[PDB]
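Trainee: This is the structure I want to talk about, given as structure tokens.
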Amino acid sequence: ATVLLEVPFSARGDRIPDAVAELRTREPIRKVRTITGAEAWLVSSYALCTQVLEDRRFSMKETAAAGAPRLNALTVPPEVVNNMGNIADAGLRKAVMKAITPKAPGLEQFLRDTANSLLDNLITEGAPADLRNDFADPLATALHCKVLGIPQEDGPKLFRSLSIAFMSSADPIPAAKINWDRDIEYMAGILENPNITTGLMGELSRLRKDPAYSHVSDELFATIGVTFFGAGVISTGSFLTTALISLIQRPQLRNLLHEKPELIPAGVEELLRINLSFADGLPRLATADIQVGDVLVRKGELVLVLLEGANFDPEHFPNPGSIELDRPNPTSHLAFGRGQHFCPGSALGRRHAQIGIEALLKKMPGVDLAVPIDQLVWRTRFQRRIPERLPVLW
Ligand code: HEM
Ligand SMILES: O=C1N[C@@H](Cc2ccc(O)cc2)C(=O)N[C@H]1Cc1ccc(O)cc1
């Protein structure tokens, strides 16, 4: 006798498990057990993943309902599971979106300058270099401080909340609340700080005192700062780190992008498509009985949308494991999700990775792993797959 298939399958972000293609072929929606002991439906084909993400009756907000089957324990207050809905209801969606585009004057130059400075420092120090802790994550952190309008020197402490905030735990995490409450206090102080006049927080600070927003809560304004910093920094730092591994393990592609940096955007789109950074399926709770393939999902059941299930589906992306720069459907992957919850930072995430990779290939055209790939240490019970250190030489 065996127990019900458990998720997630592997914390390794450098290879997709054979099980994903097996499930997709044989049972593209099937029952699994999560780390909390709950049962859930794991969806692993492009067609079914898109169906679930495009049907609002599969609800993110409702995953926070008391007594629901859970993927993992909340690390934020339950109301924050409705974060984007709260932002939209407050009439703040357009302003938040506008503040986090990569198109602000000087922002891309700041990204380039920061990436180049980080790389110069690594070169000065000598190989081996850690491309996660000393490149990708600081680049993500510096970017988000700039985007938010907050001091660069405040980034590191905010960043250090993230190894706990983005845990994927069976049980509540006391440290997550300590850090959350502290980080909220910090953002509340930022809103009251007359020096903060630029970026997302400068704009929220002005809107907070505009009569058209007088009944939006201070709680929401501070929450937007903490959540956009955290989701943006964890997602961009983790994606760039694992994309760097994908590229290092493809010297022919690495050389092509070095020789023809104008192909970097197409390269980054394929790196997004094959990315294994999301450690868990995207969770939704059914709010009605809904037919998904061969399964009638019942009201109150948990559904997990496996992004790599969709993104490696050969019926949508032929030769799915191969990076191909000339696909006819290159942005149709689900790396940024789909539907109501489509990533609001997608353009910024693309630009962070493009500029990071452009700078790395210019400064370190000979970049390679400095340890056998199996020696990377993959973070466990986390909402992202990332190596603890990424040692390289050049
Ligand atoms: C390569 C980088 C990124 C990747 C791969 C990524 C991926 C995703 C995905 C898959 C979702 C959908 C989650 C779901 O449907 O349950 C999402 C949502 C979200 N992301 Fe991103 N993200 C990235 C960068 C960013 C950035 C730069 C920001 C902000 C500065 C951001 C903020 C958010 C927020 C607030 C949501 C929730 C949206 C909603 O619920 O409507 N992300 N992201
Ligand atoms: O619960 C939320 N929390 C925040 C994201 C977030 C989670 C934890 C944290 O410490 C900070 C931000 C949100 O914007 N919306 C929801 C849904 C969500 C969760 C994770 C994620 O990567 C994206 C969306």
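Note that chain A is numbered according to Swiss-Prot, with residues 3-396 shown in order.
This deposition comes from X-ray crystallography, 1.4 Å.
Backbone N, Cα and C define each Cβ position, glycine as well.
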Trainee: From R286, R300, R391, grab the residue that Swiss-Prot records in the same heme site as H343, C345.
Mentor: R286
Trainee: Just jot down the residues in the same chain as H343 (heme binding site), at least 6 apart in sequence, with C-beta under 8 A of its C-beta; none if empty.
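Mentor: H343 (heme binding site) has long-range Cβ partners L55, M62, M86, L284.
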Trainee: Within 10 angstroms of the C-beta of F168 (site 'Participates in a stacking interactions with the tyrosyl of cYY'), what count of other C-beta atoms is obtained when all protein chains are considered?
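Mentor: Result for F168 (site 'Participates in a stacking interactions with the tyrosyl of cYY'): 21 neighbouring Cβ atoms inside 10 Å.
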Trainee: Using a 10 Å cut-off, grab the number of neighbouring Cβ atoms around the Cβ of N85 (substrate binding site), all chains included.
Mentor: 20
Trainee: Around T77 (substrate binding site), how many other C-beta atoms are within 10 angstroms of its C-beta?
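Mentor: Excluding its own Cβ, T77 (substrate binding site) sees 22 Cβ atoms within 10 Å.
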Trainee: Pairwise over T77, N85, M86, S237, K301, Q385, annotated as binding substrate, what's the top Cα to Cα distance to the nearest Å?
Mentor: 31
Trainee: What's the CA to CA span in angstrom from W182 (site 'Participates in a stacking interactions with the tyrosyl of cYY') over to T77 (substrate binding site)?
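Mentor: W182 (site 'Participates in a stacking interactions with the tyrosyl of cYY') and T77 (substrate binding site) have their Cα atoms 8 Å apart.
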